[PDB]
Amino acid sequence: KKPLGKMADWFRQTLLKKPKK
């Protein structure tokens with residue numbers, strides 16, 4: 001998994017309020 005994809009999910013949880021799963 002690319003760090004970029006990891007950060008993408010990080011933003012999805014952080015900003016879009018979508019818990020990673």
# chains A, B, ... in the order shown; residues from 1 in each chain; ligands from 1

$ select_by_dssp --residues "chain A" --states "alpha helix (DSSP H)" --output "VMD selection string"
chain A and resid 3 to 14

$ write_last_selection --atoms "C-alpha atoms" --output "PDB file, in the first residue's frame"
ATOM      1  CA  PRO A   3       1.986   6.023   1.537  1.00  0.00           C
ATOM      2  CA  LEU A   4      -0.140   8.287  -0.657  1.00  0.00           C
ATOM      3  CA  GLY A   5      -3.056   5.871  -0.332  1.00  0.00           C
ATOM      4  CA  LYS A   6      -2.425   5.666   3.410  1.00  0.00           C
ATOM      5  CA  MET A   7      -2.662   9.451   3.679  1.00  0.00           C
ATOM      6  CA  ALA A   8      -5.742   9.430   1.452  1.00  0.00           C
ATOM      7  CA  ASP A   9      -7.500   7.190   3.971  1.00  0.00           C
ATOM      8  CA  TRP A  10      -6.081   9.345   6.761  1.00  0.00           C
ATOM      9  CA  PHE A  11      -7.801  12.365   5.220  1.00  0.00           C
ATOM     10  CA  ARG A  12     -10.978  10.351   4.666  1.00  0.00           C
ATOM     11  CA  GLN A  13     -11.086   9.635   8.396  1.00  0.00           C
ATOM     12  CA  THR A  14      -9.728  12.998   9.532  1.00  0.00           C
TER      13      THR A  14
END
